[PDB]
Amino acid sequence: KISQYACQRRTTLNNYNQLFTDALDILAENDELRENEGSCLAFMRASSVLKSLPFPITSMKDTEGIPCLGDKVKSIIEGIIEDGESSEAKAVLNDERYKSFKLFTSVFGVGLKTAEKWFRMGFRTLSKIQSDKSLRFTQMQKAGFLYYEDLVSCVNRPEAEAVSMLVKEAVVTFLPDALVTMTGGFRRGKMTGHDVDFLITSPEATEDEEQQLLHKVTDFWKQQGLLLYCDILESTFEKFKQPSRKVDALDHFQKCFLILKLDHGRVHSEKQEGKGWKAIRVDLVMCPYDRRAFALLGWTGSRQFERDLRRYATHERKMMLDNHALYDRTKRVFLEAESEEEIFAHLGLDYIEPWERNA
């Protein structure tokens, strides 16, 4: 019996149901754009459970006993079994609002509100947006347009590893005892990603040393001429506050959203070609040493795995979980963890490996 929770499922990158899940992911994305949160959630949960299957669905009988598959979802599956296509997802892919939203938000610095604004102004192409003499762009959007081709091309594993070397070299220069971990999609085993994320923590650093590290590391890269974009968000972390009750929990740790210049010579791949460097989106998070397991768990993802982990903790265990802590409402105590395994054990869950969290 397959659980309704992604945190009680093993979801690996060998997806046998991409025909169904690609269609469900498109329908969920459209519901997000149309502000239909409920329908979005139902399609995301259906897509997630099909991603966990160890075999491809080839008939409607194969869907028996699978949770999170409502009547609307089963109609979509039936249509794909019929002729190998989803008429519903095909209509979304041909919709002008959907096409514009996907295209505009593919730019770093452009979200739902700016994409909607440009659509209602009559824009349909990035060429017309960039060349417009009346539009005003944020510093984030300027970087998004300037490095667009590099950012839209996938970051591969040799590039992610080359970035990891740069991050570690910079970090240990100021904090030699610091632990640097690659998180996000690449930690879940992905071959490619839109960015490279890292968790940084130090067992001996002070509160001030912890606060200054991201400033020191980015100033060092600025001096090197490697910092193409930088936004540092100061910490709002509260050591003794209860974890978030929200569906999508906010992270209060100090973090930075960067664009780094990655020289081709630093990349050890099978394959200078052009300008000799590639712009790479990099996110760095700094957390207190005692919260490193909660931060690692939250930053590893996937987003669906994190949502279900927090939902299971609340509804099944009367626990409150987020990127900073785990609180037991029955025992009235915060639960400590030195590893992700200890968090799973506190929750009464079998340990799910990072490459099994692709929900």
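Under this definition, the rigid core comprises the largest set of C-alpha atoms superposing within 1.5 Å between the forms. The numbering used is simple: start at 1 and walk along the sequence shown.
*Asks:* So which moves more in 7 other deposited structures of this protein by CA, 319 to 327 or 25 to 33, given a superposition on the core?
*Replies:* The answer is 25 to 33, which departs more from the shown form in 7 other deposited structures of this protein.
*Asks:* Which of the two stretches, 287 to 295 or 37 to 45, moves more in 7 other deposited structures of this protein when the core is held fixed, judged by C-alpha RMS distance?
*Replies:* Of the two stretches, the larger average C-alpha offset in 7 other deposited structures of this protein falls on 37 to 45.
*Asks:* Across the other PDB entries of this protein that model residues on both sides of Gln224, is it left without coordinates in at least a third of them?
*Replies:* No: coordinates for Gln224 present in every compared entry.
*Asks:* Does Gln272 have no coordinates in at least a third of the other PDB entries examined?
*Replies:* Yes, a third or more of the compared structures omit it.
*Asks:* Might you work out how many residues are unmodelled in the deposited sequence between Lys271 and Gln272, and answer none, 1 to 3, 4 to 9, or 10 or more?
*Replies:* Missing residues, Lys271 to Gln272: 1 to 3.
*Asks:* Read off the CA B-factors in the entry, average them over 204 to 212 and over 188 to 196, and name the higher stretch.
*Replies:* Looking at the recorded C-alpha B-factors, 204 to 212 comes out higher on average.
*Asks:* Which has the higher mean CA temperature factor in the PDB entry, 293 to 301 or 60 to 68?
*Replies:* The deposited B-factors put 60 to 68 ahead on the C-alpha mean.
*Asks:* By the entry's C-alpha temperature factors, tell me which of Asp283, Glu159, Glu78, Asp83 sits highest.
*Replies:* Of the candidates given, the C-alpha B-factor peaks at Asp83.
*Asks:* Of the options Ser164, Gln254, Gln224, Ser131, which has the highest CA B factor as deposited?
*Replies:* Highest C-alpha B-factor among the listed options: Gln224.
*Asks:* Taking only the Cα B-factors deposited for this chain, tell me whether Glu316 sits in the lowest, middle or highest third.
*Replies:* Its C-alpha B-factor, which the entry lists for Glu316, ranks in the middle third among residues of this chain.
*Asks:* For the chain shown, is the CA B-factor of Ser127 in the lowest, middle or highest third of its modelled residues?
*Replies:* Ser127: CA B-factor falls in the lowest third of its chain.
*Asks:* Hey, what third does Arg329 fall into on Cα B-factor, ranked over its chain?
*Replies:* As the PDB entry reports it, the C-alpha B-factor of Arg329 lands in the middle third of its chain.
*Asks:* Could you say whether, by C-alpha temperature factor, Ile343 belongs to the lowest, middle or highest third of its chain?
*Replies:* It belongs to the lowest third of the chain when residues are ordered by C-alpha B-factor.
*Asks:* For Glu37, does the deposited CA B-factor place it in the lowest, middle or highest third of the chain?
*Replies:* Highest third of the chain for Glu37's C-alpha B-factor.
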